[PDB]
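*Asks:* the data below comprise the sequence and an experimental structure of the protein.
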Amino acid sequence: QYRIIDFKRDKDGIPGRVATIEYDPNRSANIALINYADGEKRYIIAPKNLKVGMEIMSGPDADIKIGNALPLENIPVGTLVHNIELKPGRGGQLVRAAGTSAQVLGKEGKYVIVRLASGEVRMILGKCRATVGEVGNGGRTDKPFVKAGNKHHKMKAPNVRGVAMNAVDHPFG
Amino acid sequence: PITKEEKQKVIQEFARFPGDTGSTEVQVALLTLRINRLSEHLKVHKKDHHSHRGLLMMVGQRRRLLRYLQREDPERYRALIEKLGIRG
RNA sequence: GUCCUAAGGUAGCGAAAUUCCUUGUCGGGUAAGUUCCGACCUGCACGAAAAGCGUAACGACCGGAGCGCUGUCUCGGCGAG
RNA sequence: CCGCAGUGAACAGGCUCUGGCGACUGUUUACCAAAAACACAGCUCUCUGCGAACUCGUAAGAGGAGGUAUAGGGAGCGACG
RNA sequence: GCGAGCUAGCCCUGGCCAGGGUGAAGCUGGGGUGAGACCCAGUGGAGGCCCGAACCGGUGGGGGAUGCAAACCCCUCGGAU
RNA sequence: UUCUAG
RNA sequence: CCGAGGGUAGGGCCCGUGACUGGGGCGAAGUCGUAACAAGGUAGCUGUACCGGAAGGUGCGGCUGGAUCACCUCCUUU
RNA sequence: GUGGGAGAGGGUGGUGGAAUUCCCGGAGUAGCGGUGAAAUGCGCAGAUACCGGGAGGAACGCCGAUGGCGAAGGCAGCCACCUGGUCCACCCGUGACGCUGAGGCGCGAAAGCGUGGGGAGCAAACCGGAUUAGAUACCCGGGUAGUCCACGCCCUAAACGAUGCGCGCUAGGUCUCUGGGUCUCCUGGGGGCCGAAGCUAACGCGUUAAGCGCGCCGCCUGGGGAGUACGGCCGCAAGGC
RNA sequence: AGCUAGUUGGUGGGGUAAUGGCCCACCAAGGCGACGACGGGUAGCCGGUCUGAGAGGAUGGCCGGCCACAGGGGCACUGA
């Protein structure tokens, strides 16, 4: 419903309980309200799995318990993640419903290796974080916009195209 | 899997006479029990087509034993079906 | 059998709205049909990606034909405002 | 039972047979042209790891996007087969 | 320097689509097999879906051409959650 | 590599 | 009212039938090539897939209705 | 029933080296690689060979076998999870509960298709090099779809033992595996070989019958056209019945 | 590979020598089919005949039985 919310933990020792299935319409991410100890909440990432009955978190400590997330430092090798913590705390550093996250495919000193979900590879840094678990996007792909144009229903630009025009109009155009 | 003492509590359950180690009452009870944790196994493990075919033989083994008791005494056949719960 | 080129048109299609020689030649439709529609295909100059052959439904799109019906027409002739 | 007539007057599809293009509802050149023109759902190459890449901007800055490679921009075609 | 009370857009915020028709997901029940596939019947009510007012339009013909008018009147037509 | 029929 | 027959329309079963065109069989014999039986010369046949004037070829699978000792590993036994 | 036993039957997850090709560093030359001999090709921007590191699929050597399982196709590095079939001994339990099977219903090579990953290597197509008369093929150097997996679709074949299933009757010698026994051998299953009777037109089958007898099944009945045309069912199609 | 509206049965009833959905009313819906229904192709059926070692093949004109048609298509009369 035209809004944002959470995206980056950094208060821990906190109790992570899988709020609920609030599959969400606004970023290809499907998240559920994450119930913290105090009671303070957050429509959190959609890293598939972690059943309703919440039951997680993270921590400077550990707990690969699927989903959840800590610094690079605190992370296995051969592991699949998201909550792409690029720079030191820059919260998320990639993978948006981009299921196929990154896989600490080898780390090095204040530098941890990452399979570039998108489609390449290089390294991050020290404390830098990132929570494993999948994504959530049920292949958020495909699906037919049949005899109409989902598009429009887009609210998402018919910013339509052209290319053939009659003129000689717009940038590199 | 099927436990050995589970098998006996089933044989004891269905026996009309103390010592019924093998009879219509036991066969069907065995085969039906073997049918419900083999089919349960095939729902996950979708493609176990070798053990599915070996099940179906056993499916046909049941029916023919069932056939016999209706052929002779359909009175205890109605008692054997309801108790187990097969046919629909 | 060759001379040149970077190789030198392939599958589908074809007188198509790319074929001026042309109302091309054969077929059907007709009392005759240079429009159609089928088929040949020497494609004046189709062709796969500004796609190529086809394709149910779909079109105030374009073109071809049959029944129905009327002054559209065989000249109309009367009338009402 | 009656008149030539019995939706009685009044508002109310002509249908069919075929072909070509574009699939389709569309949208558009206000005062000629609504179309085989764009649009498309859909495909393919493809620049881009963020403080993105391209667009405005004299330097800020906004946009992008509080998006983050099932994504954002560049594109030639434009179901499906 | 002057302008979106022209028009093309885009942001924000309200209002508006008389009637009718077609009958997909589903859920209820019944249906030969292990469960099912899956069938049928009921319910059910989607779709830039159909038939049509207002409303949006302005092909196809009629008038008008010092007009009623610097685009309008007439018959006609498309769209119609 | 090829060299008809009776 | 039922109905022989007549009419317009709608479909179904079939015979004829056509420019043209796919193939199939004859026929003295024609051209171009070697596919096949001796490893037919690359052993052949096959399901299939692509490609090649044409026989065919190459690939994935396989069957031998494949066979020699012209070579290796050894096997099996007094 | 019970009590053992074997196995590459299956399907889910998981881990293990061996090498293969590409990538970063070391070292270190002038050639490699390749055939019937060459050539195309790589390489002085330093290749081939060796050292070390990496990443990645894909198979899975020896054991492994003329051996094993399985309804048919077909199935092999170790791991555990569900699970099928099938075999000796006790002779306990039911009590003829059976044997064949139109259609169906399910499986089911490999090619292929549908979408979604992945692609180290192999490899039609296509590309060069050779070749000959000619080279659209053999031979050499490249390389794409596929080959890989999930999921759904095809179901075809020298699908072979070219030979339906069941039971029961008719010498043997011998090799091997599995299960039991008084385990110099007897026993029940299973696999290879020779061989009496017998069948055979021919080879050859020969208690693993192509012998002798009983059920029930499918298929035959001249060669090409044909396994094709046409009607029908099925697939996205290539096709398929 | 599906077939069916007088179609399957029933109540009453017309008509007939009288049974019968035979024709009609009203009622409920079943009746059929691979033990080949619906459809298509073709047809006089038999005693007998020809052939055959036979079982079985063919065939059934004149003599005989039952049946059909009277150019094609129907209907009623008189009437045992």
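*Replies:* On my side now, so go ahead. Numbers count the residues shown, from 1 in each chain, chains lettered A, B, ... in the order given.

*Asks:* report the separation between the residue of chain A found nearest RNA strand E and residue A:28.
*Replies:* Nearest residue of chain A to RNA strand E: residue A:148, at 3.2 Å (C-beta to the nearest atom of the strand). Every C-beta, even on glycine, is put in place using the N, C-alpha and C of the backbone. According to C-beta to C-beta, to the nearest Å, residue A:148 stands 21 Å off from residue A:28.

*Asks:* for those two, indicate the residue with more neighbours.
*Replies:* Using other C-beta atoms under 10 Å in any protein chain shown as the criterion, residue A:148 and residue A:28 rank with residue A:28 on top: 15 against 9.

*Asks:* the residue of chain A closest to RNA strand E belongs to a strand?
*Replies:* No. Residue A:148: not assigned to a strand; according to DSSP: H, G, I helix; E, B strand; the rest coil it is coil.

*Asks:* which strand runs longest in chain A?
*Replies:* Taking DSSP state E as the criterion, chain A has its longest strand at strand A:111-116.

*Asks:* contact partners of the helix or strand just after it?
*Replies:* Toward the C-terminus, strand A:111-116 is succeeded by strand A:120-123 as the next helix or strand (DSSP states H and E). With contact meaning C-beta atoms under 8 Å, 6 or more residues apart in numbering or on different chains, strand A:120-123 is reached by A:105, A:107, A:108, A:111, A:112, A:113, A:114, A:115, A:116.

*Asks:* number of nearby residues for the residue nearest to the fourth one when sequence neighbours are not counted?
*Replies:* Put plainly, it is residue A:111. Distance criterion C-beta to C-beta, 6 or more residues apart in numbering or on different chains; nearest residue to residue A:111, sequence neighbours excluded, is residue A:123 at 4.5 Å. By the criterion of other C-beta under 10 Å, residue A:123 has 15 neighbours.
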